[PDB]
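Residue numbers (the working numbering): 107 to 268.
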Amino acid sequence: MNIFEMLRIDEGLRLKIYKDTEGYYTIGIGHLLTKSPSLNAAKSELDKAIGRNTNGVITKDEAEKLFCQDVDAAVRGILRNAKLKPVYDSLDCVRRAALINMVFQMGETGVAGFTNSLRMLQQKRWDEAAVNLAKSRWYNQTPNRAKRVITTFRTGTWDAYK
Ligand SMILES: [Cl-]
Ligand SMILES: [Cl-]
């Protein structure tokens, strides 16, 4: 198991534009295209991201390419964020993946705001952090996924994902 496989399980893979859990136009492996309600705006963003007239559909390879970019960007966003980096630096390899997963789903700004949880993680107070992370809109809206990520932080293993 690794970050790529983990996110592929959490996000799925769809080759045609779809709406995410929040109703936003997305494609591929959780690649958000836009928060606008216009499908046209989405199709436009899509063609700009792929470099061709897609007509709303992409290939597996193209989806995997967006995915690569997106994982890379998440890690880079973490490393450049004053609030996140120290947390990430303090964690083991498995747990790092859990943090990347959250940033991928919610953005750096989104995660950077889980101040209290962040501190607990940094202190290695696993059970406490697990509890605190659960008190969030994230957990209430996407509980199955949140549970997997939270168990990952709690145990430092990939058990939520065999
Ligand atoms: Cl991009
Ligand atoms: Cl879920």
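The beta carbon of each residue, even a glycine, is placed where N, CA and C say it ideally should be.
Residue of the options minimising C-alpha distance to residue i
i: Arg201; options: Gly213, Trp232, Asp167; result: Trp232
i: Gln229; options: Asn207, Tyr194, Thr160; result: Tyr194
i: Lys122; options: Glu111, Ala148, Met112; result: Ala148
i: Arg120; options: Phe173, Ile206, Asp153, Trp264; result: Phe173
i: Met226; options: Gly157, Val217, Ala236, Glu117; result: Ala236
i: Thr127; options: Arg254, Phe220, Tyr245, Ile164; result: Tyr245
i: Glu214; options: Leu190, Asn250, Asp153; result: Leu190
i: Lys141; options: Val181, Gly129, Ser150, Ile135; result: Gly129
Where residue i falls: helix, strand or coil (DSSP)
i: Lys230; result: coil
i: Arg120; result: strand
i: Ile115; result: helix
i: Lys154; result: helix
Residue range of the unbroken alpha helix (DSSP H) whose run includes residue i
i: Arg243; result: 243-247
i: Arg182; result: 166-186
i: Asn207; result: 199-212
i: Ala266; result: Per DSSP, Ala266 belongs to no alpha helix (DSSP H) and is neither H nor E.
i: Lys189; result: No alpha helix (DSSP H) contains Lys189, which DSSP labels as neither H nor E.
Opening and closing residue of the beta strand (DSSP E) in which residue i lies
i: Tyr131; result: 131-134
i: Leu138; result: 137-140
Residues near residue i in its chain [Cβ-Cβ closer than 6 Å; skip 5 each side]
i: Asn222; result: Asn238
i: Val217; result: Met208, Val209
i: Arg254; result: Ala266
Sequence-distant residues of the same chain with beta carbon closer than 8 Å to residue i, five excluded per side
i: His137; result: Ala155, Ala169, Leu172, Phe173, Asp176
i: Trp264; result: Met107, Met112, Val200, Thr258
i: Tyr124; result: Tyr131, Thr132, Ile133
Neighbourhood of residue i by C-beta, 7 Å cutoff - its chain only, sequence neighbours within 5 removed
i: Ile109; result: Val177, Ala203, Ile206
With a cut-off of 6 Å, give the chain-ordered residues whose Cβ is closer than this to any heavy atom of ligand 2. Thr248, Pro249, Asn250, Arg251
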